[PDB]
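Enquirer: pasting the first chains of the complex, positions unchanged:
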Amino acid sequence: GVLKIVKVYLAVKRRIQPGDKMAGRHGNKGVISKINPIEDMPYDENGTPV
Amino acid sequence: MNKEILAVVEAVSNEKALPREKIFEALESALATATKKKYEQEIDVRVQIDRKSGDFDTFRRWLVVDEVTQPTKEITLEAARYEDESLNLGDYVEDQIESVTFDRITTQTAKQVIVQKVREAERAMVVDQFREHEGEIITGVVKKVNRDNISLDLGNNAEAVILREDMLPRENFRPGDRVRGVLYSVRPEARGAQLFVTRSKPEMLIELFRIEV
Amino acid sequence: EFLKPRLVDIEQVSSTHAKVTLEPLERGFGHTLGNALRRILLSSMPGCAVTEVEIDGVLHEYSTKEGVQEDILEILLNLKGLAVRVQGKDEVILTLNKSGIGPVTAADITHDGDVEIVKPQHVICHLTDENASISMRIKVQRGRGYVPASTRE
Amino acid sequence: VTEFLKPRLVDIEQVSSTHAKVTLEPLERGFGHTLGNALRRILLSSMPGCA
Amino acid sequence: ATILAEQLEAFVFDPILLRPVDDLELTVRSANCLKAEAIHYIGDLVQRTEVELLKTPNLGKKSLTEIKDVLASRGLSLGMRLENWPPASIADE
Amino acid sequence: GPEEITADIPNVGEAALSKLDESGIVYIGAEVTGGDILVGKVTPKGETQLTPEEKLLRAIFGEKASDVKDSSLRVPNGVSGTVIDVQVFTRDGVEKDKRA
């Protein structure tokens, strides 16, 4: 007792935000807590921010 | 010409003395409103009232003017030169038609809009009823208690609003009590004629003593 | 009576980057003006990046076009990295037409009378057939900072 | 593109005349640190005076 | 603030009417009725009154509906008159 | 009776139905928000109540009872997206509509 089935595929693009879980490959987990600007990052005596 | 509206015209329990034909137009535009959203504007209250027909097809209009305001209802004499100057200045000559808004669907929304149109007609009727008296020394019974306002219920399904500014300071009224005064509002009020009485004016007790002696 | 900084030498050592020079400064003002101007230059400078793309035979950005070995999403990333200067407008619409086997470089855009591409060797995508051609419209506008798609079709 | 949010100091909530607490709002994102650091290094490092 | 500021003093016309009638939102025959008098911009269509447009058989029945439909947006066909083309904001610069 | 997938839907206007085609199913490529309509489907009405004005539309639209209520199956929100692929499967015997 069904006439027709309509299936629709939504394609969300989820970026990153404070609250996602990132982790390395050794057990160092962590909730990313603040997405800083570029300027606040500790840079070295070449210029590149970490 | 199914003649359903013919017998639907003569129901006529509550709209006998009320304008029958106007209620058909009302219900017809209400069948045309409900799920319309495209077209060009909306619908048209104006419609060739053909008593015989019953289901008057909503016709549009062109309104002959000498001006350029209301774009879908604008003619001139130079545009009337194509009709060989048959149009005169100021006429409401109709030159267009409209249809309906449907089915299963759209008709309890049409029932809903039919109800809306009936309500508007009822409001007009109530305004006429309150204009018949135009303020008198009538009584009433309180039913609801609003902020700085007292709702009263009279006869023939009639309600009156008592202002707290036109009331006594200490003398406080509540529901279940019966008060009497002279109203002074039956013309422009709000969606009809909000019966606004004033039980504090002198003329209020003018026939109060006359009722006794 | 503080000594005032004046620009002295602008060494354009390569085409991208340069070394401006401020002289003289009293002691303490070096790190102050350095950190201050660094933080202003990284924070908010008027750039000229891209906002909208309309490839011709493409409905949504997750599709694929017949005859180009990259997806439409990769074409959008390669156009996101486009380095372009505009001169006398708020926004501008660039037009791209290319047909034939090989790359679609950034120098194949029909340039207007004020838009100037600064790196014409930039690859966008690779056409890979004899009759298979892309034809897109690109929208490039001024702005400040980072304005993503989710805030603002 | 050049017209930012430009602040004005909303209050000077002060204790006795040689001490104060001056606020500033609204500043564009990331400019609180650069004005605090610029004014801090100028006041704390190089002011004219006598002692 | 005075010290830090002194250390930086060495550093620091209706548009749819002028638009074409072919640029209108309606179909191209609506503009082509105006183009029958070689009028391509809606300002020149505004330069004559709508009644003066009605004095030509180049306008048809649906064309008048298109005329009112375009003129409903308060952009064109309001009975305008200019010297030839330009008002004050249509100045050379 | 059976249900309807067509876009002639009560209680909705232009702002919902602009993102559907002429047969209910959303387009391929229409970037939707959280809580729009993807497939229009109408049958939810059960049996509520009526009044004198509800019986006034009886003989004027060829509707003996004209149902009793209507609400095109509209979806939720919380997620954005872009409709990339639509499948329509039809049990054999049923009329294929224009999009199938």
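Expert: In hand now; what should we look at? Numbers count the residues shown, from 1 in each chain, chains lettered A, B, ... in the order given.

Enquirer: Any idea which residue of chain C lies closest to chain D?
Expert: residue C:28 (4.3 Å; C-beta to the nearest C-beta). Where you see a C-beta, it was placed from the backbone N, CA and C, and this is true even at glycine.

Enquirer: Kindly report the same for chain B.
Expert: Scanning chain B for proximity to chain D using C-beta to the nearest C-beta identifies residue B:147 as nearest, at 37.8 Å.

Enquirer: how far away is the nearest residue to residue C:132 once chain neighbours are set aside from residue E:30?
Expert: Nearest non-adjacent residue to residue C:132, counting by C-beta to C-beta, 6 or more residues apart in numbering or on different chains: residue C:67, 2.4 Å away. Distance from residue C:67 to residue E:30, counting by C-beta to C-beta, to the nearest Å: 39 Å.

Enquirer: Could I get the buried residue list for the longest helix seen in chain E?
Expert: Using DSSP state H, we find that the single longest helix of chain E is helix E:61-71. Residues E:63, E:64, E:65, E:66, E:67, E:68, E:69, E:70, E:71 are the ones in helix E:61-71 that count as buried (16 or more other C-beta atoms under 10 Å in any protein chain shown).

Enquirer: Stretch C:73-89 too?
Expert: For stretch C:73-89, the neighbour count (16+ other C-beta under 10 Å) marks C:75, C:78, C:79, C:82, C:84, C:86 as buried.

Enquirer: As CSV, those residues with distance to residue C:131 and secondary structure would be great.
Expert: Below are the buried residues of stretch C:73-89 laid out as CSV (distance: C-beta to C-beta, whole Å; DSSP: H, G, I helix; E, B strand; the rest coil):
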residue, distance to residue C:131, secondary structure
C:75, 19, helix
C:78, 23, helix
C:79, 23, helix
C:82, 26, coil
C:84, 29, strand
C:86, 34, coil
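
Enquirer: Wait, a strand at residue C:96?
Expert: Yes. Secondary structure of residue C:96 (DSSP: H, G, I helix; E, B strand; the rest coil): part of a strand.

Enquirer: what's the neighbour count on it?
Expert: Neighbours of residue C:96 under the rule other C-beta atoms under 10 Å in any protein chain shown: 18.

Enquirer: What's the separation between it and chain B?
Expert: Applying C-beta to the nearest C-beta, to the nearest Å, the value for residue C:96 to chain B is 37 Å.

Enquirer: What's the nearest residue in chain E when you look at chain A?
Expert: Per C-beta to the nearest C-beta, residue E:4 is where chain E lies closest to chain A, at 18.7 Å.

Enquirer: my guess is that residue is in a helix, correct?
Expert: Yes. Applying three-state DSSP, one finds residue E:4 inside a helix.

Enquirer: slot chain G in:
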Amino acid sequence: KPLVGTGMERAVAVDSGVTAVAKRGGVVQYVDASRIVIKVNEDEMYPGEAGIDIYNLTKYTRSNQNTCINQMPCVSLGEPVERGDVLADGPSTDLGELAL
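Expert: Below, chain G sits with the chains from the block before:
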């Protein structure tokens, strides 16, 4: 890619089934985001059933965990490929390695 791997990435990538491993080596003839055509070398080739292989890649489709199992072609045109070699990278792969 992993800058610091263990060399075990190619076994996990090729010996799974997300990449499009070449069956018979040869010369690529037509690369596209949809398909990849290999022309089989003559020292690997059957006498009958003349034979140039077509790899239909799996574009954007739903996985079980609501990720996006894509395949991207990683070979150029006119490029030689050997038997037992990656042609199309899969999800979280790069040039036949394993980039999580």
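
Enquirer: about what we covered before: CA atoms only: put the longest helix of chain E into CSV for me.
Expert: Only the C-alpha atoms of helix E:61-71 are listed here, as CSV (Å, rounded to 0.1, in the frame of the first residue of the first chain):
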residue,chain,number,x,y,z
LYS,E,61,-4.5,45.2,-26.9
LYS,E,62,-2.0,43.3,-24.9
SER,E,63,0.5,46.1,-25.4
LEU,E,64,-1.7,48.5,-23.4
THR,E,65,-1.8,46.0,-20.5
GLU,E,66,2.0,45.7,-20.7
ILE,E,67,2.1,49.6,-20.6
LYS,E,68,0.1,49.7,-17.4
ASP,E,69,2.0,46.8,-16.0
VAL,E,70,5.3,48.5,-16.5
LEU,E,71,4.0,51.9,-15.4
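
Enquirer: helices or strands next to that helix in the packing?
Expert: Contacts defined by 3 or more C-beta pairs under 8 Å, 6 or more residues apart in numbering or on different chains; DSSP states H and E place helix E:61-71 against helix E:28-35, helix E:50-54.

Enquirer: do that again at 10 Å, thanks
Expert: Counting contacts by 3 or more C-beta pairs under 10 Å, 6 or more residues apart in numbering or on different chains; DSSP states H and E, helix E:61-71 is packed against helix E:28-35, helix E:42-47, helix E:50-54.

Enquirer: which residues touch it?
Expert: Contacts with helix E:61-71, where a contact means C-beta atoms under 10 Å, 6 or more residues apart in numbering or on different chains, come from B:40, B:62, B:68, B:70-75, B:79, B:82, B:95-96, E:16, E:21, E:24-27, E:29-34, E:36, E:42, E:45-46, E:50, E:53-54, E:59-60, E:76-79.

Enquirer: so can I have CSV of the helices and strands packed on helix E:61-71 showing mean neighbour count and distance to chain G?
Expert: Shown next, in CSV, are the helices and strands packed on helix E:61-71 (neighbours: other C-beta atoms under 10 Å in any protein chain shown; distance: least, C-beta to the nearest C-beta, whole Å):
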stretch, mean neighbour count, distance to chain G
helix E:28-35, 18, 38
helix E:42-47, 22, 45
helix E:50-54, 18, 54
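
Enquirer: for those helices, which one sits closest to chain F?
Expert: Closest approach to chain F among those (C-beta to the nearest C-beta): helix E:28-35, 22.9 Å.

Enquirer: Please work out which residues outside that closest one touch it.
Expert: By C-beta under 10 Å, 6+ apart, the residues outside helix E:28-35 that reach it are E:20-24, E:39-42, E:44-45, E:48, E:53, E:56, E:58-60, E:62-67, E:69-70, E:76-77.

Enquirer: and what of stretch A:10-20?
Expert: Stretch A:10-20 is touched from outside by A:22, A:30-35, C:60-62, C:73, C:148-150, F:26, F:31-32, F:38, F:79-85, G:60, G:62, G:66, G:68, with contacts defined as C-beta under 10 Å, 6+ apart.
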